[PDB]
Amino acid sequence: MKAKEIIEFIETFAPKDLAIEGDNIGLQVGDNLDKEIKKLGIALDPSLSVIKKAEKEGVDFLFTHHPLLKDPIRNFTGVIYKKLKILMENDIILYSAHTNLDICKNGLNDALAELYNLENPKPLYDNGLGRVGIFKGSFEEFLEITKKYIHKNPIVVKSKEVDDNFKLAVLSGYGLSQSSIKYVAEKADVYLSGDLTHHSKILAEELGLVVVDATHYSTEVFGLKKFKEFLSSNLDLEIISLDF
């Protein structure tokens, strides 16, 4: 299996056009895409220890959810120097599917929507991040599903009492920004996502939106694990995970 053919496979599952404007998806680091791949590594972040571990584990193709850079740079020093040095010395390909993997069908957001068995699930935003639908059950049933499958100790901002058969909004990753709370508050009773901060918490309380922070990491890894299983089932390649 050549590198281009792995990319071709991923892009069929999660087309790059789906990614929201400005998102740095696609090839991050690499030159020869007809190179043969004997081992595939998958990770949430293209972090320094992830890349170090990929080098140690003999990874040929490194697939990450988050891009290497979101802001363009014009100097190569410090950390990015260290990262690139390892990738280039071993000719390791770095490729990312970011929001296109969040948004696509059977993607990270769909994965959560299926975990909570939402009824008539819809995209939360038009672009089309997140899912929203009815959760058929009690708040404590919802909360135990979360504790068992996502994160053992989610932070709960219990702004209000939640009735059975409530609308649950899910967004994998960083979805608890102030503008997001305001947006989702008009569309859901409970919001499951990650990366809660003070102003977002205060805002959720005022708007009566119940927010459950299951962390950025856990809400994405859940889906990423499913995607890993999908690659394993369809690709005749060694696949390992590096940070999950």
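We number the residues from 1 along the sequence you see.
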Mean C-alpha temperature factor, higher of 128-136 and 77-85: 128-136
Residue stretch of maximal mean CA temperature factor, 32-40 vs 49-57: 32-40
Candidate set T146, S172, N106, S96 [ranked by C-alpha B-factor, highest]: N106
Third of the chain, ranked by Cα B-factor, where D17 sits: highest
Chain-relative CA temperature factor third for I239: middle
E11, C-alpha B-factor rank within chain (lowest, middle or highest third): middle
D195 - Cα temperature factor, lowest/middle/highest third of chain: middle
Among modelled residues of the same chain, the CA temperature factor third for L118: highest
